[PDB]
């Protein structure tokens, strides 16, 4: 049976011309071949047996909503910029010169946001319109509302649901219920922990599919609490800044509880970050920094965020400032509506090793990505006007607080193809001409991101993206097109590859030079041979790393699990005595089970 999809004549002509030029195999690699045949797709899915039937109904329509989104983006770009520019983008997306993230969602909903819970506390759940819900009056109903909000928001967006001020609002309800005698003192710590447990297990127990929503928590230091909440009041009229020491103590209690709970059961969410202010050789909140250094000795389960100023966060709750990162540590009231990534190894292959030629091609392709992002933003505005995205109508997601993102991947592999990498006793490194080359690539992307605000009327950022699927897909398309000239099976997501032996001093130096050029849109893994021998050792090393200008980092760890999910180190579980079956490590910046995750890439 042949079934019709109704496209304009010009788009049919383009798709036919591209099939002529590249062949059916190119379409098959991009997800637009036999995946569109519902019968073949279904009979393959049911025979692959972990997965249950709820996954089928989510996956079956993804090729069809991708095809729709690519058509709608072509239509809009043709209207804004002309037919030639539109045709150029569709060709670049199908052949792999660029990568459109969340492509099955791209003409329908936005990427991510880091939320404040103030509207939830004051107004309840106003975005659910079939019933009127009253604002919470006690701790149990506050916790219920937080869970419902996370689940709602994860089906109105493709990426992370961030909650950096969670502990600020939880403290209010703890104190209220204590003063009222709802919670007796002799039961206060029991009560707090039982709510920690309900929230945490809910965020790791998937109802549909086999994966939970992606969530983030942040430990806010005393400087951050004070700068963000100056002037603001709780619903009882008291000043939030009058309660800083109680908020700090509730944050410390959660971090201690979760470190103990991992022996009983290992889990991924929420992803943990600590945000610290550091200047001229010292931490401005030294008590919090020493605390995080102490608790991390067990599992290294928390990522370090370091900043030298709180100016950007003072004014959060026209050019946009504030940190945006897809792993964790995005500032309160900041997000991104869409990411589109440039394939850097492709440009290396096209240039023949001529660096001036490389920089010309790069500048043109970044200009193309800006016009595609502008068109996607116009489509999101349409959806808001059509009544389809209530998080925007109700003041939770804010469009004027979201960037358009220019992504990068394969920096190392690109330099390697150009002839600009080497090795010595201290491991893999860039040549002297290589460090200059990377300087020039990032400075050039930055120039164009800045010009965009005056060109298009909104703000652009740059990220070295996690690239969970793109790192594999881009390398495969390049090998299809260029053969043995492209010798890598996967591209890298850090300045030096995750599993390279590069001296710690060189690694730290490189992140010191280049994190600032992407305004904190990256992460560094520190390669420590042997575990830390003492607390003071660890702390001296943290201070060294911060001194050199690294903005976001985490220490290496390899955590074992048994078949019943207990976490430990070594080959035999100390709880039940069974052998290890897998291990948890950071592959794209957060702790995951490695065999399953690597299969999923």
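Definition used throughout: the rigid core is the maximal C-alpha set that superposes within 1.5 Å between two forms. Residue numbers count along the first chain shown, from 1.
Do the Cα atoms of 178 to 186 stray more than those of 319 to 327 in 5 other deposited structures of this protein, or is it the other way round, with the core held fixed?
Evaluated in 5 other deposited structures of this protein, the stretch farther from the shown form is 178 to 186.
Stretch with larger C-alpha RMS deviation in 5 other deposited structures of this protein, core superposed, 129 to 137 versus 292 to 300:
Stretch with the higher C-alpha RMS distance in 5 other deposited structures of this protein: 129 to 137.
What about residue 530, left without coordinates in a third or more of the other entries of this protein that model its neighbours?
Missing in at least a third of the others, so yes.
Do a third or more of the other compared PDB entries fail to give coordinates for residue 50?
Yes: coordinates for residue 50 absent from at least a third of the compared entries.
For the step residue 49 to residue 50, what size class fits the number of deposited residues with no coordinates, none, 1 to 3, 4 to 9, or 10 or more?
Going from residue 49 to residue 50, the model skips 10 or more residues of the deposited sequence.
According to the entry, how many residues of the deposited sequence fall between residue 317 and residue 318 and are not modelled? Options: none, 1 to 3, 4 to 9, 10 or more.
In the record, 10 or more residues between residue 317 and residue 318 lack coordinates.
If you average the CA temperature factors over each stretch, which comes out higher, 451 to 459 or 398 to 406?
Higher of the two, by average CA B-factor, is 451 to 459.
Using the B-factors recorded in the PDB entry, average over the C-alpha atoms of 98 to 106 and of 283 to 291, then report which stretch comes out higher.
Higher mean C-alpha B-factor in the PDB entry: 283 to 291.
From 388, 182, 327, 276, pick the one with the largest CA B-factor in the entry?
Result of the comparison over 388, 182, 327, 276: 182.
Say you rank 41, 56, 532, 68 by Cα B-factor from the PDB entry; which sits at the top?
The listed residue with the largest C-alpha B-factor is 532.
Ranked C-alpha temperature factor of residue 556 among modelled chain residues, by third:
Highest third, going by the recorded CA B-factors of the chain.
Would you check the entry's CA temperature factor for residue 440 and let me know if it's in the chain's lowest, middle or highest third?
According to the entry, residue 440 has a C-alpha B-factor in the chain's middle third.
Lowest, middle or highest third: where is residue 479 by C-alpha B factor in its chain?
According to the entry, residue 479 has a C-alpha B-factor in the chain's highest third.
Can you work out whether the C-alpha temperature factor of residue 332 puts it in the lowest, middle or highest third of the chain?
Residue 332: CA B-factor falls in the lowest third of its chain.
Can you tell me which third, lowest, middle or highest, the CA B-factor of residue 365 falls into for its chain?
Tercile = middle for this residue's CA B-factor.
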